[PDB]
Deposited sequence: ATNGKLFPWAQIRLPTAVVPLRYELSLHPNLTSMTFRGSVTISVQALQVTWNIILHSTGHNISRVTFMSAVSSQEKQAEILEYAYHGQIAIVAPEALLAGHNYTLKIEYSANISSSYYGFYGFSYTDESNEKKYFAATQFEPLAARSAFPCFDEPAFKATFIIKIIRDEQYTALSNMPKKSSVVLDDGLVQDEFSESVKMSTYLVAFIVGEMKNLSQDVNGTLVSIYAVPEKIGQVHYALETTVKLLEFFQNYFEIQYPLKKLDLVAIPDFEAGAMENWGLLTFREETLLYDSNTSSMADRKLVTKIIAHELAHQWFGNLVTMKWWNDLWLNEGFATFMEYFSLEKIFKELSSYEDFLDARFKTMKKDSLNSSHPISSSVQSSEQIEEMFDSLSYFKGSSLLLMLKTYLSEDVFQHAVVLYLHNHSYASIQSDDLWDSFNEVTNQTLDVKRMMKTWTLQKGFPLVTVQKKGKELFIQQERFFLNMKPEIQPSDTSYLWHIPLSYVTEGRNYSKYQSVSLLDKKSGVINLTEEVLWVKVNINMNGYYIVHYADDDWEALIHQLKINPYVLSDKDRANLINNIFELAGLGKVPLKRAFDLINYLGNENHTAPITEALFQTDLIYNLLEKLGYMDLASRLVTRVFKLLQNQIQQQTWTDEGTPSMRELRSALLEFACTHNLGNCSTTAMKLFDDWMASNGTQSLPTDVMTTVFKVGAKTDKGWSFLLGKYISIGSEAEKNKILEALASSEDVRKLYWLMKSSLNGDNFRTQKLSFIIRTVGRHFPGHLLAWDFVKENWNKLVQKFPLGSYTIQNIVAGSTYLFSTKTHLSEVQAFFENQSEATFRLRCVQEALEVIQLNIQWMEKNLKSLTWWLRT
């Protein structure tokens, strides 16, 4: 880079793009493409060079176009992904110029950038498909551009395809001219002002189902064989689109909106303006073969991706340090829209579980402020983590419960209007709230520690007569104050309940209770991003109540108490026995949210013990939890009867009983599976129990082979994923290895399912070591397919490491990562992984001998 005219990661500010015209001629059979982009730019400062982004481009020609065309010289700096155009005459300030670069390139074999893949039809024909995934930083691999989100421009896109293939892009199509040799050239209309990471184009054989919605054509695309499965998606997109245009008070601005089920896609979906793109398993749906977890997944993702058309596309963060302004808003709007127009799905259970898991991570010293400087490519990819998504929506949810829902909307609508087709940073949002409260509250001041400081506060609560003493401190095990909007509910001696709110912006304070009260619970429904720790008498009060009658608290409040007690046991604020004391109430619980959280704490302790060789202790622990839930597990029916939350409770209890061979569930499941196999896979299996039935079946070599045959045979991808979870839960190490190797190479299983497979293998005893070895031995190939730092990698590092609980393993994991580049060693997921092992070591030090005692007999 020493003879390159630019020394920094971030492009200069002296030249800005106005309009791109991109012409691509891709070849899916040779996996290459020819390109010619033409950029109109304006120079704001006198410069001799244009610094631009480009990787993997064999550039044949560069010309400064006018009348007279001037050839220009081009320099490359691949370490920074940058190229430098040397101008023949200096670019003057206040002038604009038009640049043209003709180039050729390979189509990607990764999931990043303009990538191409191959699939097999039902008629057993091989088919070719090409698609884009640019966010965060791959647009530059497709065409030269100013590949930073603040450089918003307009795009005209042109594709030369073979006539059998459809070409979609962000904007509607304008023209189609038929050329020689079976080729068409599709031209698309010029786009709105957008960032380069949103540009998208697809080439593949696809059918469509469309509906006009008030002048905007809404279409669902999929390969021809799956087109019968897009109806639900179409219905749901219409509902959410009219809900969002109403709540935001800004119409969706493009004449069409496409949603595309891509046969091979790593993310769950991508929010490209006008061309939303999804995994097949996250868009297609069939009530006959898809569980209610599947339904809810399709509807969540749609809600999330549609919300990005306003939060992210219309209004974009200036730089990736504020990614949470896109992803936090989209995740809030996803779960908010679901509670207003799809209450029945009880999506709040999903949002609550996700916040519980984000908080465990956010509690580690390897956590970062949700707004953190990032400059390196891997630092940018790592910004796509749970904090951006679920601590960002928790910040919004804390504000929405604090201020009115009406105040919140006012601020949202004002924010989006002011900043349409432009860029924003954190303070711009805190301003819009300040304007809506007519500057009474200083939102910018209150939101400071939540935005700039990692972690969350521990609120400690003690009752003294008719008052509550409240304090706050940082939640950590070896820092500024937070402005904490506190909520409490309390039951009086006349058995009357009251709730109120108070804002703790100092270290300590006293809440005046107007009466004397039986118990008190702070942080209603965990609408605040903090953990609450009670004095001993005040835990006991809440525990005594849960045994007498748990239903004076909501089911979110009860899930919150189980999560907080166990997380406070890890910290050491309460002995582990008090956690177990609390979930002894579970005999009277029959709601999903609390049972789900108890089973997770239970299963996490089981999976830890099992790896350490304490197979006896683990099993004692599940049999004690089984007795607590015995009545609930035995009521369960093997059907799809009931509300969504009851169907989800059914799957959790039958999965927990079958997995630990408790009761006769094993036997019921084997009988149902064996009758399924006799039918040759044609008998009705209830969707709710299909994971569980398959898993039991996959434990024999006959049933394993049978399941595999239908995996490569059936048309329901959601059913295929239940088969894959059952296949990957075999105890036959040869088969597990064969499953990972196969997904990694793209044969039979697609590389998109690898993270799922690796994690399933690594969760149980047979594959535990196997999965971590596959990760270590295939690290370099993994990082060819998935970018270093991205969520797929974070998910693989975490899922293969987090059940290690020995000093030896700690040093192994650390030393393996030190043998990689510093960029790899200093990845946040790698550091978080090392801290989680260290906490396992200490948790076992503190709690093992006493756990052996309460399970003695």
Worksheet item: Could you give the ranges of the deposited sequence that carry no C-alpha coordinates?
Response: 1-3, 70-72, 485-494
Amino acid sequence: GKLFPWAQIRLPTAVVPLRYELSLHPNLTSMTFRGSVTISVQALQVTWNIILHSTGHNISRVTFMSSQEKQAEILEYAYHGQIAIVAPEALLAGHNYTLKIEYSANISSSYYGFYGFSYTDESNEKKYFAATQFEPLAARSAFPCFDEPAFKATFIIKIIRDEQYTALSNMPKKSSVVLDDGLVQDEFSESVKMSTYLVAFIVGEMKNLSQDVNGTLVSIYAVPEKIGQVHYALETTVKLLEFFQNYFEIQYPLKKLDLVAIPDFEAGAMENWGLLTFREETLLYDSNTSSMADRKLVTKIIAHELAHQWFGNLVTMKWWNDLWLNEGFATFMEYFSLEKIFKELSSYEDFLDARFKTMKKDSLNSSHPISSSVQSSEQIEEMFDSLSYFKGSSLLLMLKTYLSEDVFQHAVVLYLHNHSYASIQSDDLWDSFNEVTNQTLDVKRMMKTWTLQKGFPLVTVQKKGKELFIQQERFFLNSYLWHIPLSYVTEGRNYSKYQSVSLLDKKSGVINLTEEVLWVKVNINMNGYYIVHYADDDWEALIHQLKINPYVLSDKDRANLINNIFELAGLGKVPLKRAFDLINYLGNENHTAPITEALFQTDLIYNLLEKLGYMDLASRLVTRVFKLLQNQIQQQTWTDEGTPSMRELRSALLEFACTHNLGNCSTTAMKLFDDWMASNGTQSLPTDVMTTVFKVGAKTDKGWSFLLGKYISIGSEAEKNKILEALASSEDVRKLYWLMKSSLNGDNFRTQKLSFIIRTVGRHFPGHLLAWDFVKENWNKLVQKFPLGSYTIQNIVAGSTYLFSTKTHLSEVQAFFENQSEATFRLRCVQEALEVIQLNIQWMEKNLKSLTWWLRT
From here on, numbers count along this sequence of modelled residues.
Worksheet item: Is residue 759 unbuilt in at least a third of the other PDB entries compared?
Response: no
Worksheet item: Do a third or more of the other compared PDB entries fail to give coordinates for residue 493?
Response: yes
Discussion item. Going by the mean C-alpha B-factor recorded in the entry, which is higher: 81-89 or 121-129?
Written reply: 121-129
Worksheet item: Is the mean CA B factor in the deposited entry higher across 52-60 or across 798-806?
Response: 52-60
Item to complete: Can you pull the Cα B-factors for 602, 525, 373, 700 from the entry and say which is highest?
Response: 700
Practice prompt. Pick out which of 578, 558, 361, 591 has the highest C-alpha B-factor in the PDB entry.
Written response: 578
Worksheet entry | residue 177 - which third its CA temperature factor falls in, relative to the rest of the chain | highest
Worksheet item: Among the chain's modelled residues, which third holds the C-alpha B-factor of residue 429?
Response: middle
Response to the item:
The third of the chain into which the C-alpha temperature factor of residue 713 falls is the highest
Worksheet item: Going by the entry, which third of its chain does the Cα temperature factor of residue 538 land in?
Response: middle
Worksheet item: Taking the entry's C-alpha B-factors for this chain, is residue 32 in the lowest, middle or highest third?
Response: highest
